Structures are given as C-alpha cells and as structure tokens.
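Before any questions on binding or motion, here is one chain by itself as structure tokens, the form deposited in one PDB entry.
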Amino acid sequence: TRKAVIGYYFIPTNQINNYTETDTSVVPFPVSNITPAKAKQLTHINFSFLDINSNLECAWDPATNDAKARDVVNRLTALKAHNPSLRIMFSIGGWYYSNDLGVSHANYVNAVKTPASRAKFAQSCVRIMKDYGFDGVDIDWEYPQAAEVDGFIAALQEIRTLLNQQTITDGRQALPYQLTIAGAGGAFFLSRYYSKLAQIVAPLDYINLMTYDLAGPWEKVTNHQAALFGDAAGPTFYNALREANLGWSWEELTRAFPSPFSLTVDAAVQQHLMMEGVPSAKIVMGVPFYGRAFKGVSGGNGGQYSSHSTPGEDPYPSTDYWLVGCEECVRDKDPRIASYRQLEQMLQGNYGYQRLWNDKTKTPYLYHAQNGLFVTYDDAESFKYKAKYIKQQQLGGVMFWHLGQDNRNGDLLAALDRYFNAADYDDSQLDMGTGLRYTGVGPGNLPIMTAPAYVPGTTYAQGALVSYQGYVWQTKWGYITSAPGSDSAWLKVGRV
C-alpha cells in the first residue's frame, strides 16, 4: 500500500490577509508553487493552523480575512484535480496557540472537558471541514497534560464517529474523511499521554510524530535535531517514559526504558511500537524542512556537541542577526531557524559554511569555523535513510514541517516521493550504519519465542522460560511455585 506523504503547509494570518502569488516578499511560498507534478508527490496537505476559540469551537484566527482564507483553501483543494488520492486536511493547534503557555491553551483544556463541550467541539470540527471544503481533521495540541487525556480521547472518538457518518452521507467511501493528530516525537512530552497511546491512536488514521526539534538553543549542548540513530559521542537524556503511569514493575520499566538514552527519530518510533494496540501502519515519521542554528560554538567536532551562546527564549530576545547569509532570518527576526530553501542559498554563496555529515545519526550539519556557528538540518540524503527506515519498520509514511520551506524546485518533497515510489530508485544496498538503536522491549514489540508449556505443580529455577496464555515468560528469581500472571516472579519476555 502506498506510503503517506503528509506535508503540513503553514500560511500565517498576515499572509492569508495579504495573499498574493506574485510577490515572494509578501507570501514567500504561495499555493501556485505547488505544481501538478508536486501535487502528485503528496498524499496529504495539512493546512496550518486553525485554532479553538473561546466559544470552545474550531475556528480560524479572529484576525483572518474569511474571504482570502476561503480563496487560499480553494486553491489548495483545486490541486485535487491533479491527484485523486490527495486530501487537503486542516490542522488545529500548533505550538503557538496550544502550548501550555500559549495564547489559546485554556480553550483546548475546556473544549474537551465535558460530553457537552466535546460534542459541541467535535461538531464544529466537521462543520468547519465541510464549510471550507477540507478532507479531514488533524489535531495538533502540544500537549494535553495527563489529566486532560481521557477527555482528549473522548473528543477524538466523537470526531471519528461524526466523520464516519459524514463519509457515508457524502458518498466518500473512495476517499474517506480522516482524523489524525500530530504527536510528540520525544519522550519528555510523550510521557504526558504515553500510558494511553492505544486509546489515543484507535480513532485515528495516523499519528504524525514530530520527530524533530529534538535539539535546540534551549539545550546546553549543540546536537542534531532529528538524528535517525544515536551517536555515543552526543548527549544522552533521562528516559521520561519510565515515570509514566503505566503500572509496570521495575523490571518491566527498566527493560522498556533504558536511561539515559539517545533522543533520536528511531527512539520515538520504537517507543510507540512498544505499546500494545499501536499498529506500525498508523505511525508516520515527521521530518523537518528547516534547520536550527547555534552561535558561539567551539571546534573539534564540526560544531557538534559543543557549549554555545545562543538565546533559547521566544521571541528571539535580541536584534543581533548573526546567521551569516540568512536574509530570511532578517525578514523573520530570528537567526536560530532557517528553511531548507534558505540553507541551500547560504551554501551556494561563499559565507564560509562547510557541509558535514554524521554517519551514525545519518544527518547533515553545517559548520562555520570563522564565526563558530552550527546548524542541524535534514536534506535529500538524510531522507534516504529515513525513507528506508519507514519501509523496514512498516510505518504508515512520512510527514513534514513544512511545505513552504522546501526549495523552489521542491527537491525535498520530490526526494521523499522518489524513495517510496520511483521505479528506478533502489535502496536495497543502502547501509543503515552503526548508530545506536533504541533497544527497549514492551508489551507491543515482544520477540516471537518458543518455550515448554507452563506445568502447574512444577517448581522453576531462576531464568526458566515457559509459554503460558500465548506468551513466553521468564522467572526473575528461584524456586518459583506459582503460574505466570499470578506470581510476580515471572517476566513476559516473548510472544506466541
């Protein structure tokens, strides 16, 4: 089955209100950049972002010119003429509106609080969808805290119910309306709802992992923001999932959540697969179409794993635009981020950037020896390893943030489509390397194993293996006289 290629596409309200397809000075990446050929390379475009207003319903930012907005959305849905599998989804949330300290946080917390609020919200989601011509709903709340989870889940279940009814009502069996969420791609935020992953994922077509922003100026050591695998020389982190309210034993938690560990794209994926009821087909790996830059880094490793002097707060707490060659950073007043389009332009100019490659994390990085700068980003090469990983792990596809940051030629999007679908691309010999793999084991990814059936009345020594209730178990200490599941001396270690 074809892999999903989901491109979030972010158009700030100012660009909607002053939309133009002929002045990259006002709208740097307008819809017209998405040619028929590019429309065919995508399976989904997630228009970003809608929000949740104080009436606790899905709605466009209050400052939005509703007519320009409907027009921008129409240009997107018009792309469907070139790709019958294409869906224009809309995404609600995003960091700005929904983070704990964000402008609309309260609205998310309250919208899912009651059966009544949940019903009114779910209904506004479907109404907005049908009114603007969207093909599905993506929820990007970063992130419901542990207490708000059961409500978040109920809300997704209600939306699912309404969308399924609408699909039938609209004769959309061929292209059913969909419901997805953008999920954490790092253990710290994932720990908030991890214990209920199966319930969160059940009503979704996909869970889009934000497997990026895994490094940034808010961290003391420079690092790759989307390493596929770990580099023993890089920083390691506390495994937050061992603290999730999972109700597992010390032994179970320790083998599922090694700590510290390498914060990588593979870690996030494996962490989701470890849970029962989280099918690999619904997991979508996110990739960044932008890089993060750090200043004041020292040398010796190309800028990797170095202390730095980059402000970590938002907004950028200064007027010093130190990312040499980044004119976009001047336009957006933040030298800590740059689109792949801009990065390429910086490389093409002589600004002193050396493009380096880490063969463990399988990602590129830039090093500016003169001014001590380090930029972590992704490109068509790192996408080869991620695309192969998606195939090997049988994931649903790839997602990216965000379309408008690709170069004019659409090279990043083209690469992604090529790796999954081109008849003349062959990655059979691509070597995944020796970077660190996340090795945790959980209920959802137990190894197939065989062992003698447990025999009631038998005494087992430490380390013995038996099969019982369709699982393979191992005793944690000796002289075990009770059965697996009824005696905590037994550890589930395999399946079948």
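Only residues modelled in both forms are compared. Only the largest set of C-alpha atoms that superpose within 1.5 Å between the two forms is called the rigid core. Residue positions are given as counts along the sequence shown, with the first one as 1.
Only in words, not in the display: the form deposited in another entry, which the text now covers.
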query: Rigid core superposed: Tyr471 CA moves 2 Å or more between the shown form and the other one; finding: yes
query: Yes/no, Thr64 Cα shift of 2 Å or more between the shown form and the other one with rigid core fixed; finding: no
query: Stretches between the shown form and the other one where the CA atoms of at least 3 consecutive shared residues shift 2 Å or more, core fixed; finding: 443 to 496
